[PDB]
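Coordinates in review
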Amino acid sequence: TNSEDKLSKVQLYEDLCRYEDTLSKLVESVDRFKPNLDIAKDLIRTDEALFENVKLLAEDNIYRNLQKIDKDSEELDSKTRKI
Amino acid sequence: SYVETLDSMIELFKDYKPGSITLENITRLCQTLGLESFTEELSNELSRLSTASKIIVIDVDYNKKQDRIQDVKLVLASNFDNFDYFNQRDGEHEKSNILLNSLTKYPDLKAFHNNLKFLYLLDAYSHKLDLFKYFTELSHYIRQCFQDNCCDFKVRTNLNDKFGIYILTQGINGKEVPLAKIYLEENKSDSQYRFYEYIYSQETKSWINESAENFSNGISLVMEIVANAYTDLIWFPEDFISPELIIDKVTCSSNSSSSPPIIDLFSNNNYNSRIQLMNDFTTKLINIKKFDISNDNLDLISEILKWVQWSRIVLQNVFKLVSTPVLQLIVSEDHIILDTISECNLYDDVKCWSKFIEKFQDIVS
Amino acid sequence: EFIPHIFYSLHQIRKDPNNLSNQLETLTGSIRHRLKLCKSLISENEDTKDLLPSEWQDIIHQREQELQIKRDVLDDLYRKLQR
């Protein structure tokens, strides 16, 4: 149950959320064959924000290195424990 | 109003997301302007995209291995082959091609689209008026008109990878600063507007229409003021130029109280305590960005530029110095008087304006 | 992949609105398809949604403090056992 709470905590989740909302507005506009510029510009800037957050996620690897050094920590602890 | 709104939305979408520089996006852009386009394989490593219209042919060489544009060539089907599509840089032996630069130096197609829209305008509206010839020669006629009128302005073609006739002044550091850009624009207001060829005659020292039979319809010669940008905006007396010649009036839309900073400076008591400011303007100040200088209005270029230069050197500096926290300072449309100490007017030389500002700064500091 | 397809379809929308309503409707349906698969792919994977900032610093601090206390106790053991 806490998983979804953690997922909602990171910004890019909200980013995909309002990106979906903006495309929903755009499709509603084109359904009414009345394309509103503000919806499209909101869509493009939200997409750009998505893409910058896509870069920001990548520099990931730090957590992975922390994970391997954590495994090193507990394996050293177990070794010294059996010692 | 639906078509005008749709065209305005299409222009907005074209400007807001110009697309990435790819062969497919360049082809789609050319097709969106009604240009005929074909792709040829010159080699296993090189493809050419050739695009054509009535007069213009543009070859774009694409390196398939590098994912990059290698070359761009413009060819005219006019009897005039001398159209300058290179940037005018003083002291570089390599004339840098505007079209190639717009596809290699920029992150997007916006620079290329603007330059292509300009070439397409000349193509569509050239017939017996050849606008490629006339626009090239016009830069020489304006340069001569300034020499004959003793105007200290430099004329350059094609500045910063953009088509246009650029009018430059010497700035305080001897650096050239653009004052205005002259170019052709579609006349949205009157498709029947006759645009004639005007030549500057060395003999008469005037603009002359040699061939009243040589006209194009639905085009205007536009003078755009290049703001270095609210304090860097140029303001004109409302009666300085006929309202029919004003293409773009910056309407301060009715929800932000930006008077000219000049008029707010007649209303706001936050002055240098040494100066009593007196307003002697008879007219309202309006912000004008674009002028129609077509036909008989080519004489106005020198008057508009003198005002723009006087406004930058005198008015804007007087305002900057008065606005930084008793002598009477009278400010009018064409003259400024500091009590009995110093005066300058719009018809004085630039050297008189500089001396007035130096003396004014020494008193206000 | 949905990102480049979204980009491209976005651009032929903004380049050619003068296409007949058939193409506009079909292309908007295509974008709705791509974002539908986008939201699905977001949905099944918890790890990405977690990916989708001081905690990393706190983990680094705890790792370095446990490392230094391990080094100190090992130095003490080395000093004591050599007798």
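Residues numbered from 1 in each chain as written, not as in the entry; some residues may be left out. Chains lettered and ligands numbered in written order. Part of a larger assembly, values for the part shown. Heavy atoms only, no water.

- Method of determination for the deposited model, per the PDB record: cryo-EM, at 3.3 Å resolution.

Some words on the sheet that holds strand β4 (residues 68-76) of chain B
Residue and element names in this part refer to chain B.
- Strands sit in the order β1-β2-β3-β4 across an open sheet of four strands; the sheet is antiparallel. Each edge of the sheet is formed by a strand with only one pairing partner; in this case those strands are β1 (36-41) and β4. Strand-to-strand, the axes of this sheet are offset by a mean angle of 15 degrees, without reference to chain direction.
- As paired strands, strand β3 (residues 56-63) and β4 are joined by eight bridges and run antiparallel to one another. By the bridge assignment, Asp61 is partnered in β4 with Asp71. (Pairing = 2+ DSSP bridges. Helix = DSSP H or I, 4+ residues; strand = E, 2+ residues; numbered from the N terminus. Axes fitted to C-alpha atoms, helices over the stretch in contact; angles between N-to-C directions.)

Topic: the interface of chain C and chain A
- With 25 residues of chain C at the contact, the number on the chain A side is 27 residues.
- Approximately 2400 Å² of surface area, both sides summed, lies buried where chain C meets chain A, with 68% of it carried by carbon and sulfur atoms.
- The tally of links between chain C and chain A comes to two salt bridges.
- Here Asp77 of chain A makes a salt bridge to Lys70 of chain C, at a shortest N to O gap of 3.6 Å.
- Where the side of chain C that touches chain A is concerned, the elements lending two or more residues are α1 (3-15), α2 (21-44), α3 (46-51) and α4 (54-81) of chain C.
- Of the residues forming the side of chain C that touches chain A, the biggest block, eight residues, is contributed by α4 of chain C.
- A breakdown of the residues in the side of chain C that touches chain A according to their chemical character gives eleven nonpolar, one polar and 13 charged. (Contact = heavy atoms within 4.5 Å. Buried area = accessible area lost by both parts, 1.4 Å probe. Salt bridge = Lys/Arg side-chain N within 4 Å of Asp/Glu carboxyl O. Nonpolar A, V, L, I, M, F, W, Y, C, P; charged D, E, K, R; others polar.)

Focus: the sheet that holds strand β18 (residues 335-338) of chain B
Residues and elements named next belong to chain B.
- Read across the sheet, four strands follow the order β15-β17-β18-β19 without closing on themselves; strand pairing throughout is mixed. Taken across any chain shown, the strands that pair with only one partner, and hence form the sheet edges, are β15 (275-279) and β19 (342-345). Each neighbouring strand pair of the sheet contributes to a mean axis angle of 10 degrees, computed without reference to strand direction.
- Looking at chain direction, β18 and β19 are connected through four bridges and run antiparallel. Each bridged residue has a counterpart across the sheet, and for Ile337 the counterpart in β19 is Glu343.
- Helix α7 (residues 300-323) contacts β15, β17 (327-331), β18 and β19 of the sheet and is inclined by roughly 40 degrees relative to β18.

A few points about the interface of chain B and chain C
- Counting residues at the interface gives seven residues for chain B, matched by eight residues for chain C.
- Summed over both partners, the interface of chain B with chain C buries about 940 Å², with 54% contributed by carbon and sulfur atoms.
- When the area that chain B buries against chain C is broken down by residue, the three leading residues are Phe13, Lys17 and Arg28 of chain B, summing to 50%.
- At the junction of chain B and chain C, the tally comes to three residue pairs in polar contact.
- Among the elements of the structure, α1 (2-16) and α2 (23-32) of chain B are those that each provide at least two residues to the side of chain B that touches chain C.
- Sort the elements by how many residues they give to the side of chain B that touches chain C and α2 of chain B lands first, with four residues.
- By residue class, the composition of the side of chain B that touches chain C is three nonpolar, two polar and two charged. (Polar contact = N/O pair within 3.5 Å; in protein donor to acceptor, adjacent residues only side chain to side chain.)

Digging into a nonpolar patch on the surface
All names here are of chain C.
- Among the surface-exposed residues, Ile69, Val73, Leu74 and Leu77 lie close enough to one another that they form a single nonpolar patch of about 340 Å² accessible area.
- By the element assignment, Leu74 lies in helix α4.
- Residue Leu74 is classed as partly exposed on the basis of its relative accessible area of 37%. (Patch = residues over 30% accessible without salt bridge, like charges linked within 9 Å, V, L, I, M, F, W, Y side chains within 5 Å. Areas by Shrake-Rupley, 256 points an atom, 1.4 Å probe, with all protein chains shown as cover. Buried < 20%, exposed > 50% of the residue type's maximum accessible area, 1.4 Å probe, protein only.)

Some details on the packing of helix α2 (residues 11-31) of chain A against α2 of chain C
- Direction vectors running N to C along α2 of chain A and α2 of chain C enclose 160 degrees, while the axes themselves pass 11 Å from each other. The angle between the axes of α2 of chain A and α2 of chain C places the two elements in the roughly antiparallel class. Judged by the sense of rotation from one axis to the other, the crossing of α2 of chain A with α2 of chain C is left-handed. Residues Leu16, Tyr19, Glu20, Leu23, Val27, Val30 and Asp31 of chain A of α2 of chain A form the contact with α2 of chain C, whose participating residues are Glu25, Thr28, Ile31, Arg32, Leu35, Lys39 and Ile42 of chain C.
- Its residues assigned to classes, the contact of α2 of chain A with α2 of chain C comprises eight nonpolar, one polar and five charged. (Parallel < 35°, antiparallel > 145°, perpendicular 65-115°, else oblique. Left-handed = near helix turned anticlockwise from the far one by under 90°.)

Quick word on the packing of aromatic side chains
Residue and element names in this part refer to chain B.
- The final tally for this structure, using the stated rule, is 16 aromatic pairs over all chains.
- Ring centres 5.6 Å apart and planes at 65 degrees place the aromatic pair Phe146 and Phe153 in the edge-to-face group.
- Residue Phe146 is classed as buried on the basis of its relative accessible area, which comes to 1%.
- These aromatic residues form a ring-pair network of at least three members: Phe83, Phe118, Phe132, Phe135 and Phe163.
- Of note, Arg194 hangs over the ring of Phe215, and the distance from its end group to the ring centre comes to 4.9 Å. (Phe/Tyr/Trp six-rings, centres within 6.5 Å; stacked < 30°, edge-to-face > 60°. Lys NZ or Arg CZ within 6 Å of the ring centre and 35° of its normal.)

Quick notes on the nonpolar core
Residues and elements named next belong to chain B.
- Ranked by internal contacts, the top residues of the largest apolar core, which has 104 residues, are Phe83, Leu184, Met223, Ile301, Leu329, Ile336 and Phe360.
- Examining the composition of this core, we find that twelve residues originate from one element, α7, more than from any other.
- Leave out the neighbours within four places in its chain, and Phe360 touches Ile275, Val318, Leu321, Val322, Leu329 and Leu338. (Core = buried A, V, L, I, M, F, W, Y, C linked by side-chain atoms within 4.5 Å.)

Considering a negative patch on the surface
Residues and elements named next belong to chain C.
- A cluster of like negative charges, contributed by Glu46, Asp47, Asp50, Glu55 and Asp58, occupies part of the molecular surface.
- Listed by contribution, the elements that provide at least two residues to the negative patch are α3 and α4.
- It is α3 that contributes the most residues to the negative patch, three residues altogether.
- Position of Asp50 among the secondary structure elements: in helix α3. (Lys, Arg positive; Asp, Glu negative; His and termini not counted. Charge placed at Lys NZ, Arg CZ, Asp CG, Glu CD.)

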